[PDB]
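Here is what each chain is made of, one letter per residue.
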Amino acid sequence: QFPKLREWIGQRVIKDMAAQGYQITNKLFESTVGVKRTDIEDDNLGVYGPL
Amino acid sequence: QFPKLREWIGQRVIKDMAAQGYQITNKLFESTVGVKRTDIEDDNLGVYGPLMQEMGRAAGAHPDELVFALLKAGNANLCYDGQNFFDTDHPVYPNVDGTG
Amino acid sequence: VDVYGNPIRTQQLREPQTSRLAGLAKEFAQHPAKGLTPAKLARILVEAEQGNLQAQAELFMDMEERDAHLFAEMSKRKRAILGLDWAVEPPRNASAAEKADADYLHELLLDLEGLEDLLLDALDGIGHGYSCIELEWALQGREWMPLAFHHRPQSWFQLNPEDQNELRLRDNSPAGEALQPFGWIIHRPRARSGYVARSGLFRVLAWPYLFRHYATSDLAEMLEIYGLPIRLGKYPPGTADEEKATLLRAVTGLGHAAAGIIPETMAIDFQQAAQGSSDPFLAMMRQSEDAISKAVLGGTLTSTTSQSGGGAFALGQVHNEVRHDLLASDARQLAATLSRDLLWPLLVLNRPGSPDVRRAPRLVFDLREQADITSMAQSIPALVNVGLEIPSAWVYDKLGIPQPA
Amino acid sequence: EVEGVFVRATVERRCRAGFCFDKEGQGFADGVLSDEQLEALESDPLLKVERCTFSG
Amino acid sequence: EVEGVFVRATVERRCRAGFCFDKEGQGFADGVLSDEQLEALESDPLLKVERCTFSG
Amino acid sequence: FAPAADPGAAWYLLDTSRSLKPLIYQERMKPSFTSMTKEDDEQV
């Protein structure tokens, strides 16, 4: 951000501005479930398929 | 203004109005920064070039900073009487009046 | 209230919304087109997608200014609209009161100065994707009037963090400021389906502009280098600094100077400077210009020009495909925006009652196409002698001739 | 080398012993060290700036 | 106080002993005293000026 | 215990997230993996 507007007497100070660059990487996430192919069809109540 | 009603129309006493004045100097205020000519053009992300609008908002905020800096200095700065704006010895009369 | 149903308060109409934002009026454009590279352009576009429209707007302004072909195309397209006659028509099967309201609105628009400037300012949204015009409301007694129309730069706005289709003023706060009802005429033509940031035509035209700019700059540099050849002088060991400087000046001025003499121990070799042609550069410029012409005005008349050839049906051939479609689309969108933003406040402020929104009068542009008078005048007599009862209203409307009064 | 000195016989703000002065021309432009303190020392060239690298 | 010294990098007119040399940086800008002679003192700021208050 | 005081109306929100990629669905149905021909009748 800019420096505060100061008083003026004889000359102007050519101020500067800082910078605070922030670094952060990325991470990967996963969740998986192993199921039997035959079992999903081998059901009558409509369960083990929506899972 | 005019003082209280006195208690004698016999040998009336004349009076005078007091002309008061307050003088203040409107000195300037400024702030600026330096930047490179190539860098502003060598910046495709839009930063380093919002400087104009940032400086504009700073200038727009400035009057509040001025007023409240004077408010801070009120205990130090002097009003038209000749004492500090917030002082315990305001010379309203040969007596003593205070506002601190 | 307005068409969108937002409550309307006449207290806020006395002063413009941006009056309390004196900071905006003191800003200067940053000119992001100078020193622009493809990476910078991609960053600018991506940032604009995220709600930083200032840089995109300034880049679009620079692009409009710095390209003569693009500027000519856009100016021609807008002047096409600016020259169309317009009228205000009452709603479907309107009643006497509605007809009177429409007539009064028509009279008010006729006598309203600055209409052409308003249309020109609104048409900027074609390229910029959105144009905002601020209204000045004044009371000449009991009737509200638009005092003037002020076009505010697109760099003054941003996107709502919670909504990518809603624009807001830049008031130094993260969320900006919502647009005042009845205080703006926002024109947002829709060439492509998407959000407001991606809806500008200059977003499509940016890349050909950069290609043409690079080609032109490279051609200018190569023309600068063309002419004399680069020639390099060689000196033997034991040549002092003064002799080195003399040899350097001799080589520097040798191209302009027809003749010169050097010791046999020295040597000057004339090497190729820049040998080629303007063919690649000009090919790229032509490709970019054709792309711009097709994108702006269609690839039937501008880029792949329709060529000459007159005739009674020549007007139809030139217009109906491409030109008529574009003209009608732009005119209809502008008319819808105007009817929404300017006609409605006048109706709901300058007249009594609360007319239903669906029955508001609509501004209509005259898109009538000149019909061949001679051929059709030949045709009618045969049909009428046959027995067909053609209405006179259709004839008068289609020919442009007014009905007798 | 030295990127820049910005001396012109004037420092930006050389503040010592609780008082801030302007002299000795101690202007630098580099992130070698004391960047946080380099902000305080620099950032105030009241007078003109002349950059003459010392190639240090 | 001294509102402005008007000294840095500039040299003004100084008429002394019948010869008006240019040196010593005697620039000033105020209405304290010798106002008429202020014209003679500031009659030749030939070189670029750079104000800086002495807070006198 | 586990407190935090944050602004909500600022141009920035604390602890900002990053939906870099959508909730893509990864599946193992049939003749798309080896888990189902040169293996048991398994699906993940």
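Residues numbered from 1 in each chain as written, not as in the entry; some residues may be left out. Chains lettered and ligands numbered in written order. Part of a larger assembly, values for the part shown. Heavy atoms only, no water. Residues with missing side-chain atoms left out of burial classes, pairs and counts.

Going by the header, the method for this PDB entry is cryo-EM, and the resolution given is 8 Å.

A.B. asks: Mind showing me how you'd approach the pairing of strand β3 (residues 144–152) of chain C here?
C.D. replies: Bridge count for strand β2 (residues 131–139) of chain C against β3 of chain C is 8 bridges, and the pairing is antiparallel. Each residue of the ladder has a partner; that of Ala-138 of chain C, found in β3 of chain C, is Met-145 of chain C. (Pairing = 2+ DSSP bridges. Helix = DSSP H or I, 4+ residues; strand = E, 2+ residues; numbered from the N terminus.)

A.B. asks: Help me out: how do you make sense of the packing of aromatic side chains in this one?
C.D. replies: Note on aromatic pairs: each is described by the distance of the centres and the angle between the planes. Following the criterion strictly, the structure yields 4 aromatic pairs over all chains and no others. With 5.1 Å between their ring centres and 40° between their planes, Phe-85 of chain B and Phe-86 of chain B make a pair best called tilted. Taking the relative accessible area as the measure of exposure, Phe-86 of chain B reaches 38% and is therefore partly exposed. Between the aromatic rings of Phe-157 of chain C and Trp-184 of chain C, the centroid separation amounts to 5.4 Å while the plane-to-plane angle is 75°, which identifies the pairing as edge-to-face. Within this pair, whereas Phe-157 of chain C is found in strand β4 (residues 157–160), its partner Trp-184 of chain C is found in strand β7 (residues 184–187), the two being separated by 27 residues in sequence. (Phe/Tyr/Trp six-rings, centres within 6.5 Å; stacked < 30°, edge-to-face > 60°. Buried < 20%, exposed > 50% of the residue type's maximum accessible area, 1.4 Å probe, protein only.)

A.B. asks: Explain the sheet that holds β2 of chain C here, please?
C.D. replies: Paired through their backbone hydrogen bonds, the strands of a sheet run either parallel or antiparallel. Residues and elements named next belong to chain C. Overall, antiparallel pairing links the 3 strands, which are arranged β3-β2-β7 in an open sheet. Where the open sheet ends on each side, the last strands, each with one partner, are β3 and β7. Shown here is a sheet whose adjacent strand axes are inclined to one another by a mean of 25°, direction ignored. Alignment of β2 against β7, held across 4 bridges, turns out to be antiparallel. Within β7, the residue paired with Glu-134 across the bridge is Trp-184. In the packing of helix α10 (residues 314–350) onto the sheet, the strands contacted are β2, β3 and β7, and the crossing angle to β7 comes to about 160°. (Axes fitted to C-alpha atoms, helices over the stretch in contact; angles between N-to-C directions. Contact = heavy atoms within 4.5 Å.)

A.B. asks: Got a minute to help me understand the interface of chain B and chain A in this structure?
C.D. replies: Where interface size is quoted, it is often the accessible area lost as the parts come together. On the chain A side, the residues contacting the 17 residues of chain B number 15 residues. In total, about 1,600 Å² of surface goes out of reach between chain B and chain A, with carbon and sulfur atoms giving 67% of it. Run the count over chain B and chain A and you get 1 salt bridge. For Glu-7 of chain A, the salt bridge identified is with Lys-27 of chain B, shortest N-O distance 3.5 Å. Inspection of the chain B/chain A interface yields 6 residue pairs in polar contact. At the level of secondary structure, the elements contributing two or more residues to the side of chain B that touches chain A comprise β1 (29–30), β2 (32–33) and α2 (51–72) of chain B. In terms of residues, the side of chain B that touches chain A owes the most to one element, α2 of chain B, which gives 8 residues. In the side of chain B that touches chain A, the residues fall into 8 nonpolar, 4 polar and 5 charged. Relative to β1 of chain B, strand β1 (residues 6–7) of chain A runs antiparallel, the two being bridged by 2 bridges. Within β1 of chain B, the position partnered with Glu-7 of chain A by the bridge is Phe-29 of chain B. (Buried area = accessible area lost by both parts, 1.4 Å probe. Salt bridge = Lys/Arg side-chain N within 4 Å of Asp/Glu carboxyl O. Polar contact = N/O pair within 3.5 Å; in protein donor to acceptor, adjacent residues only side chain to side chain. Nonpolar A, V, L, I, M, F, W, Y, C, P; charged D, E, K, R; others polar.)

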